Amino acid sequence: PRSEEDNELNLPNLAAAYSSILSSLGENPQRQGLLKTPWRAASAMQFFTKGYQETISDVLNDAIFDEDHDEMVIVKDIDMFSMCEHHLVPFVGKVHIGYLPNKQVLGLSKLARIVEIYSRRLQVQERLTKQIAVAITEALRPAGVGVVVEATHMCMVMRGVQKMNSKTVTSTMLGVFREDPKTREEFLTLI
């Protein structure tokens, strides 16, 4: 995984590349508004890709509780901010997660923290959706998991096709959410 030492070491290389981009765009990197931009853009890009340095074990912090619960738990409307790996422009939206506990429940915030491990990377929405579902499955081993991601890709609104209102909806269903249609429909209506 990526480290804070890797971030400090790579920051001047990122700043050098951003300064080179400003010059290549016809801009003056010495004007007041651009003076600190190579560094602020480099730090922003490091923050946008901070998920690479995260591990599921550290994120969970042993937040698995024995609540004798065998019914669907949903955490919906998790704000998600990711980066398109094809154009390096953001894609933002919401993540809705549902799961069937096998007696043990995961701490509610850990579902949002798992979203943050994978969303803070250079992504493709389909991959991001699958990774979240698989992480929950491996961390807790529940009866089933369901993940739905709804996002606006800025590559499709401020450029290219320039379709203003287009939204991409992806889903990943594991266990009972995949095998039992009634579980799957209940999750989709509750979100």
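One-based numbering along the sequence shown. Just so we're on the same page, rigid core means the largest C-alpha set that superposes within 1.5 Å between forms.
>> Please tell me which region, 11 to 19 or 178 to 186, has C-alphas lying farther from the displayed form on average in 4 other deposited structures of this protein, with superposition done on the core.
In response: Stretch with the higher C-alpha RMS distance in 4 other deposited structures of this protein: 178 to 186.
> Quick one: is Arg159 left out in at least a third of the other entries we compared?
Replying inline: Yes, a third or more of the compared structures omit it.
>> Does at least a third of the other compared PDB entries (those resolving both flanking residues) leave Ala63 without coordinates?
In response: Yes, a third or more of the compared structures omit it.
>> If you average the CA temperature factors as listed in the entry, which stretch comes out higher, 133 to 141 or 149 to 157?
In response: For C-alpha atoms only, the mean B-factor is higher in 133 to 141.
>> Test of understanding: from the entry's C-alpha B-factors, which stretch has the higher mean, 81 to 89 or 98 to 106?
In response: So the stretch with the higher mean C-alpha B-factor is 98 to 106.
>> So if I compare the CA B-factors in the entry for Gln53, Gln46, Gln125, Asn165, which one is the largest?
In response: In this record, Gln53 carries the highest C-alpha B-factor of the candidates.
> Among the modelled residues of its chain, does the C-alpha B-factor of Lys36 lie in the lowest, middle or highest third?
Replying inline: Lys36: CA B-factor falls in the middle third of its chain.
> How does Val169 rank on Cα B-factor within its chain, lowest, middle or highest third?
Replying inline: Tercile = lowest for this residue's CA B-factor.
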